[PDB]
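# Here's my sequence, what's the structure:
(chains A, B, C, D, E, F, G, H and I, ligands or ions: 5)
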Amino acid sequence: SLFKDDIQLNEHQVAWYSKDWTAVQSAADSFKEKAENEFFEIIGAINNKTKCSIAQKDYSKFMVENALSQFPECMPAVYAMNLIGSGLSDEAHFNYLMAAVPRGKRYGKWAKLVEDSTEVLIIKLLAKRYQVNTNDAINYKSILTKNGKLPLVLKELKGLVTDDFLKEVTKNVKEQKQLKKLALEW
Amino acid sequence: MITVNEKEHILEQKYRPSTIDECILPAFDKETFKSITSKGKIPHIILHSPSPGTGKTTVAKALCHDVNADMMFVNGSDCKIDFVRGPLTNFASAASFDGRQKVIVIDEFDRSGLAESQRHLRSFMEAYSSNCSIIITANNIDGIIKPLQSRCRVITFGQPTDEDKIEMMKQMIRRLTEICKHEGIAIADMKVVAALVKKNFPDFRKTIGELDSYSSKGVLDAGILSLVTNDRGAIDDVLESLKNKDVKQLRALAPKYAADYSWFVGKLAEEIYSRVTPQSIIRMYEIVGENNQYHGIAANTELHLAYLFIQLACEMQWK
Amino acid sequence: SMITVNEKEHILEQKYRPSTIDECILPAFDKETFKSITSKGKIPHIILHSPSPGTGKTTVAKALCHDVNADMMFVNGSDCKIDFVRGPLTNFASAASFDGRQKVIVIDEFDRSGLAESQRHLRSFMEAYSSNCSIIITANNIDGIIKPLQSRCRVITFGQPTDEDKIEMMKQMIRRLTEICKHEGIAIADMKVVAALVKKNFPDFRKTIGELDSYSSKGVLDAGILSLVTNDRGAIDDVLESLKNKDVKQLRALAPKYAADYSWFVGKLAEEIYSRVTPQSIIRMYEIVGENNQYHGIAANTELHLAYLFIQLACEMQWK
Amino acid sequence: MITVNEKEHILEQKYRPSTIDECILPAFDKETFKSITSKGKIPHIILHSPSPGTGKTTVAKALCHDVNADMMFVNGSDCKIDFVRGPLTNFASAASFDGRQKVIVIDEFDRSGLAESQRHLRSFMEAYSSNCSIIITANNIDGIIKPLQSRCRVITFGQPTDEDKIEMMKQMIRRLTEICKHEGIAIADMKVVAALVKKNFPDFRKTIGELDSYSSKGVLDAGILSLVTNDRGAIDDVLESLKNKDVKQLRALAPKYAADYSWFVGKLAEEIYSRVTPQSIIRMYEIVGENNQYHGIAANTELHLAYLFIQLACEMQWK
Amino acid sequence: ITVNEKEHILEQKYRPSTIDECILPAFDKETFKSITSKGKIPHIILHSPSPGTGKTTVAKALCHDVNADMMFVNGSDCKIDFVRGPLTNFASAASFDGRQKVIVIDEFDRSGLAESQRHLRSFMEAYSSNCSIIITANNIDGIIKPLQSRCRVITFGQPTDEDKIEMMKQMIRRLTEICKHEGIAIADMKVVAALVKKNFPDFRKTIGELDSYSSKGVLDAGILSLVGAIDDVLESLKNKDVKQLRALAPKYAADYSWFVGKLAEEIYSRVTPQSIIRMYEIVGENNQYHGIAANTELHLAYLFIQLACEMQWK
Amino acid sequence: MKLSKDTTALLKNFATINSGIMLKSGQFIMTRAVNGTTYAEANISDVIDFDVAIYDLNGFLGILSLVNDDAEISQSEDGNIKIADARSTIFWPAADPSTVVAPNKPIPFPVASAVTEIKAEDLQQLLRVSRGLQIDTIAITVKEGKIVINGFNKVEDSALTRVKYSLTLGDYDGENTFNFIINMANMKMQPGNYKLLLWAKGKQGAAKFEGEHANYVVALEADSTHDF
Amino acid sequence: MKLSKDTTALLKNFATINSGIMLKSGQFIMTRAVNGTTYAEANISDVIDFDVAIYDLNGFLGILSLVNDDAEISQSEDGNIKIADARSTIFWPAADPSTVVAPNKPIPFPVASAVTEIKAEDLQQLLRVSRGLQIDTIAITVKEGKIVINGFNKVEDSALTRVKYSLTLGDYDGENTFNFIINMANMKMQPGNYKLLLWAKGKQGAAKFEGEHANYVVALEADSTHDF
DNA sequence: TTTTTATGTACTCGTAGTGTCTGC
DNA sequence: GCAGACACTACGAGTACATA
Ligand SMILES: Nc1ncnc2c1ncn2[C@@H]1O[C@H](COP(=O)(O)OP(=O)(O)O)[C@@H](O)[C@H]1O
Ligand SMILES: [Mg+2]
Ligand SMILES: [Mg+2]
Ligand SMILES: [Mg+2]
Ligand SMILES: [Mg+2]
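Numbering: from 1, shown residues only, chains lettered A, B, ... in the order given. Ligands and ions are numbered 1, 2, ... in the order given. The protein structure is shown below:
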């Protein structure tokens, strides 16, 4: 900045006035906050018997049913809507779930399985190599573990872990680590 | 007093209000809009309402008309990233030699596939805010990214109070009466106008459309009232047969509605919902869901609908 | 003869397509509104919809343009993507006709979800060019049209006649089918055939004409064609008498006989048992037979399914 | 007279009928096809039947042959919406310099994922109806959307009358004799051929397939007849295990009779009617009829049979 | 005996390569050899409700004895864009050495492959002059009816008494040869006979248990007692851990048809008799209403709730 | 019958108006856009010797570019279009005449309400300036004795009041006052000098461009003004 | 050892047939499609001195394209492969040879029952016309004494009735009659001239294309007809 | 108070690679 | 006359929907 004066502009003004569209793209990606949802305002109405009209709100049978399926008191209604409610309207689905699900303040955290990304990768590798289903692959993994041939088999299969395969293994970019984990597999 | 555009032949397009005072809005919304027009400068506004025909585009143009702004009306679906990089920058950076505030109206900007462009727009707002303002209108507010919603004054149309609704409906009755008088439509019974207003609320566009449709013979008398207060797709015969547990009439009615099974089942559930006990609501939705789930599976469809009728007639507890 | 004939078409329902509103067989209120529109000289935005096919939505959409003498652009709705709207449709709506006619866009079958975004681009379009051009949409599923577009159009629901309207429409369709048979060379040896064809496929006039062409393979509509149309596959005396006697073994023997044409058998059986049983037994008969017919396409052994139905009926019916 | 495709080694594909007269069809349906051929123009047709091997594809190709039509055969599972915008529109818009009718055969067009494509067809079939017609063949008519069914002549196969069935079985026996003559198979007992035809009706494809199967020795003696009648032996082991309430043997016998579940439930009702006390007949019919009518939605067949065995062993009283 | 030294799994290392090497019932082996003698191969569905009898092995052996250019496809991998792509390219193109081409689709009833089967409907008639398909299935009802019409359905097994004793003899001899080849010592031939008897006719499970025991080098008590694939679900049912069962439902939501039968089998031993009957009722109703359910995860979760609440473990 | 490169360039320019064309035996070709905005007619050197409808004119011109310039176009024995080259032959499909939107008869333009002339240089400058200032509409009007073309950008200027370009053709000795708006998208013609005829009768109107080889009729915008 | 850019461009073409490749000691490379519908071979300049199996060939060639042309390629001490070049060094995992589909045996193509030639320009014109006319299969046969290639669109022409394209390749001189059908999807060859050897006997046969860089053999379609 | 099932199909947007013609 | 500009296509990302 040769001109040592200037009130100085923000990054957006510098990007736009200069018409450097890469700086404009970065400034726009600055606002790339993502993932907005208000499904739990609907579920609360189902749980707390609040008044709530879905004639103007977005509805999700999968999200509503999976949220209500976290507590056994609602499992009868979720089961019924999972059997005979698939061909119902979203309004009808919501109406039934309000009429049937018993009242209760039950909000909590969903039950999610925490997986060994390395073990998932090993099972997927064994299923790809031997063209078997998932449980057959797990049985192969058990047999190769209790035989000591697993380091040998993993060594023979280390070349099969392409960078697209790791996308199927796990979306966490820390997948790079497993990559090195598989590079050092001897 | 009323705004008439002789270029338009469609009634709802011919009588589009041109001023904030002419629009039929909630009291607080109209007060805020009058304040905006009085203070002389227009902020960044987002007018949204999922219910169509409440007045978003009308109010945007009326704000621009009251402020006497240099308005650039743009179809939101055409406001792609190149439009922001080009025409919007060209309009923002152009010098104004008349003191008119520059305002960009982006009508119906709630497309998800434009999110990226919207992000660019946000950055645009941080560079040319001192030169122009933006009035977005939308139906799905979730189609507008969160930074845009946060940077603007978000006004939710079609969300009135009960007294607001009474006042708006009286104003709409008066406006339809003035439209009839301008159009040469004789009003023999104001109950027709009242029924139209109450039936098509809060969609005013659809209200004026219904007025144009039912005012075909030029007179609004008791016949048009009976036509408006009617339901041409009413299912009442099936509902009354179920209420009476009339097996003969249900057996006769099964083939009448068996042709459009999906639509009839939907409408029948929708109608029974409001006329039965809560536990009857549970049972009705279970019965209807099962019967519809086995639609393509059953052999005789008319028999399947008669089976549904028997189930409902036996298990329903009408309030 | 006041019946339009597309000489270039061989399929019956395409050959005999009405070209004016008066020729169209419509409910009273709908035809009245269409005559009113054609009388007003200008066409607003319209949506002709019905879950039932073959009610006349496309026919009336073309006939309105014909009567008003409108410069029409007939577009397959499924090709009406957003770039097509941004291109030829905008140019057509903004430009004027060389002869001063009103321009109308007919978007036939516009009720796909994949076009919703395109429909979104339309909701400003329809307000920008409403002075010069209008849009007439055809739909089967109204929910395939976004609610703003419904708000912008006059929505007209086909296939919703009154009882007297339905009687009159069936009379008119019978007369039209008789005139079409006269033109085509189909001898009508029994008018009951045409009446049953009209009553059977109502309100699908396209299916009506198509089935008229189907059952006219022998050039005549005699009594055999009537037995085929109404599905008259005989009597159910053995089953009924064995149910009344509670002859379980006879019913086990009779199941495979009627296992073949299950839908006809179950319908006829319901119709016959309805009259020969006590009112208390009528509800239970409908319950049993409805469950059995509902689970048909799932039952692995249809003969065993019919045996199960027979046993239930023979045990639970009270034969008056 | 019999049509032979020497490039085919599979017997059911080698002797595919090439004309309508060579087909074995009900009287009225064959008459309809002959009328369509005599007129010279083919309409939009939907040949359907849930029973495979009734001749829908055969009759489509035979119609196109007898009419001498410019045919485009297409696997319906590939007829996506771009396949209609491209190949189908190119084929239909091409001219007919020789006066031949253009017909598109969409074979097996009943996948749900094609619905949108089918929707795109309902205007297509009306734009090109002057020169191009479509012949859809399906197993599940519910996979064809209602507008397409409205635009077509729907012809349901595999649903003949008793006289039609007698005549078709006669013709099928004679055709099988001709096929065994051509192929070099010795028929030492015509009752074997009659047994094949009466067993596999109306799936003629499976009739010829089982003819190929049992003619491994080149001759059809009376010993093959006991193998064709498909009696599959008796079921004394399961009945005794049910009488003794021996759960382990029932679990062991479940995968055995999971081979042909339909035949097994039939034989089970037929036999166990005699071995349970008269007071248990209604309950046993309830159990067996439910287990049979819920089979098409049972994921695990062996588990379904185990469940049936447990219900019977727990609730039945034996003589 | 056929051996593949490149393989490290015994069931992949010692897989029979011909029909004769397979330990099958007399009638089944005779029909297979007649089919191979016929010269060509039609579309065939090998069905075996009882596992481990060797439908994959018999399919590969058919391809080997008829000398066919075989492409082996796992059913779960046989998605529709794979059928449109490589499979079409294989079936429409002739072989360099004039052999008949054959596609082997293993366990075609396992997953959401119904659209692939409905696609295969026309595929099989479009290329029948050059390519045949051999589908293997444990539950024949998983194969759509048009494919069953287009294929010859061969149901496996159900051996006679003489067939059973001869097959057990052949399996004992094969196990002895495999032990001699792998260097494993047989302390008692009665133990080998008892293993073959215990796991008959699940030969694959026998070879799998042998491969599990392989690390020792001898054969002693491989019949064990203690020392599963559903251990997590079983333990969480015993503990009445509703949250862990809810978390486990999506894991086995993959192959419900296999999991539900495996669950019934594993529960049958560890619970009281009246609870055996009750488990069969609950699991059977759940399996019965599976075709209606839209999300198998929730269906499996409800089954877990019911079983956990009603089981009286021993 | 060969196709001189001038004929092929003319056919390409026509393809920009309609994806398909219906050319009959002679030396006269014509096309009209499916949305009825522009129409074109022209005489050319090469002689058409058989009637045939092309569904995809652009692909036909592509395959023509794929062979030698002296290729021989004829009607194949099957009835298609045979392009004979040195070693190769291309068979292009003949479309059904009903599947191509084409004019029924050469539409005769009425007697003009105003006449002027556009030099090819002025037209090229107008097009290049349209690329530059991004003007999307034009207005043929009168400016104190002369006939002028005003160029506006309707995206940023919706009322057509801020003139971005201005061109002066000839003078207007008449007494009428008109303002014919034309959308730039409908200017599908190739460069050259054009006698510009303008016809208007109340609600009806059109603008014809007569060139030495081709004539182009263009529909005016709905909100054009005139007093004829 | 380094891979000259001609070797790299050849391997990029060999990746179009098989996603991986197995390189064995020598100055010779080969690959075949996993379904066995096409196989390729090529004598290459750069010497391969150690056996190495590459499962991901395209990613490996992307690694190659980045780090210079004189890149030293070898196998690493641990067991993988190493690519060192002045500024950088990259390690790539060496896959087991059983993980890559290799043709195992170099197919000794028999003495051709028919021989012809096709120039690079003819092949380019054919590919362009096929991209234009939607042509997906070709048929090499004998027409009026010359050897011709007829291009068909098998989609709209299931029986190969209407010939859409035709090309001549010279006289035949022989005494046999044939019609070898080739699906265009199986021709992954790079542009250039090709000596075409068509061999057939009974039910077996193949079509070999000897090029200026590599030889590509392809399998005939099912219903190919010959009288050898 | 929390928060996403697999497969197949369809559409739109942005951008980068790519081919091809042309202006001082 | 050849860089550059103009247009066209191929592909990744995001969204949406039906059915299981
Ligand atoms: N009949 C048989 N004879 C010999 N070994 C068999 C037989 N059946 C299965 N096996 C063993 O099982 C393994 C593969 O079994 P597989 O064919 O997958 O059975 P399934 O398909 O029923 O699970 C092979 O390694 C083989 O050793
Ligand atoms: Mg608006
Ligand atoms: Mg229609
Ligand atoms: Mg078929
Ligand atoms: Mg297996």
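
# contacts, neighbours, all on C-alpha from now
Will do.

# show me what contacts the residue nearest the centre of chain B?
For chain B, the residue sitting closest to the mean C-alpha position, by CA atoms, centre = their mean, is residue B:52 at 2.7 Å. Listed by CA atoms under 8 Å, 6 or more residues apart in numbering or on different chains, the contact partners of residue B:52 are B:139, B:203, C:147, C:148, C:151.

# State whether the last one is indeed within a helix.
If I follow you right, that is residue C:151. Yes. The assignment for residue C:151 is a helix, going by DSSP: H, G, I helix; E, B strand; the rest coil.

# Counting neighbours, what do you get for residue A:10?
Neighbour count of residue A:10, defined by other CA atoms under 10 Å in any protein chain shown: 10.

# Same check on residue B:226?
When neighbours are counted by other CA under 10 Å, residue B:226 registers 12.

# quick one, what contacts it?
When the contact criterion is CA under 8 Å, 6+ apart, residue B:226 has no partners at all.

# can you check residue F:153 too?
With CA under 8 Å, 6+ apart, residue F:153 has these contacts: F:133, F:134, F:135, F:136, F:137, F:160, F:164.

# List the residues that contact the residue of chain A found nearest chain G.
Nearest residue of chain A to chain G, counting by CA to the nearest CA: residue A:159, 3.8 Å away. The contact partners of residue A:159, by CA under 8 Å, 6+ apart, come to G:54, G:55, G:93, G:94, G:95, G:96, G:99.

# which one's the longest strand in chain F?
strand F:38-48 (DSSP state E).

# what number of residues lie near the residue of chain A found nearest chain C?
As assessed by CA to the nearest CA, chain C sits closest to residue A:56 within chain A, at 11.1 Å. As a burial measure, residue A:56 scores 12 neighbours (other CA under 10 Å).

# Residue F:210 against residue F:190, yeah?
No. Assessed by CA atoms under 8 Å, residue F:210 is found out of contact with residue F:190, at 11.8 Å.

# In terms of neighbours, single out the busier of these two.
More neighbours surround residue F:210 than the other of residue F:210 and residue F:190, with 20 against 17 (other CA under 10 Å).

# Identify the bridge partners of the more buried one.
Beta bridges link residue F:210 to residue F:195, residue F:215 when assigned by DSSP bridges.

# Most neighbours among the contacts of residue F:153, which one?
residue F:135 leads the contacts of residue F:153 on contacts (other CA under 10 Å) with 24 neighbours.

# wait, what's in contact with it?
F:129, F:151, F:152, F:153, F:154, F:164, F:165.

# With residue F:172 instead?
Going by CA under 8 Å, 6+ apart, residue F:172 touches F:142, F:145, F:146, F:147.

# A helix includes residue F:166, no?
No. The assignment for residue F:166 (three-state DSSP) gives strand, which keeps it out of a helix.

# Next, count neighbours for the residue in chain B that ligand 1 sits nearest to.
Nearest to ligand 1 in chain B, going by CA to the nearest ligand atom, is residue B:297, at a distance of 33.1 Å. Number of residues near residue B:297 (other CA under 10 Å) recorded here: 18.

# For the residue nearest to it when sequence neighbours are not counted, grab phi and psi.
Leaving out its chain neighbours, the residue that sits closest to residue B:297 by CA to CA, 6 or more residues apart in numbering or on different chains is residue C:297, at 4.8 Å. The phi/psi pair for residue C:297 (degrees, to the nearest 10) reads phi -60, psi 0.

# What distance do you get for residue C:297 to chain E?
According to CA to the nearest CA, to the nearest Å, residue C:297 and chain E sit 13 Å apart.

# So the residue nearest to residue F:221 when sequence neighbours are not counted versus residue D:93, what's the distance?
The shortest distance from residue F:221 to any non-neighbouring residue, by CA to CA, 6+ apart, is to residue C:95 (4.1 Å). Distance, residue C:95 to residue D:93, by CA to CA, to the nearest Å: 29 Å.
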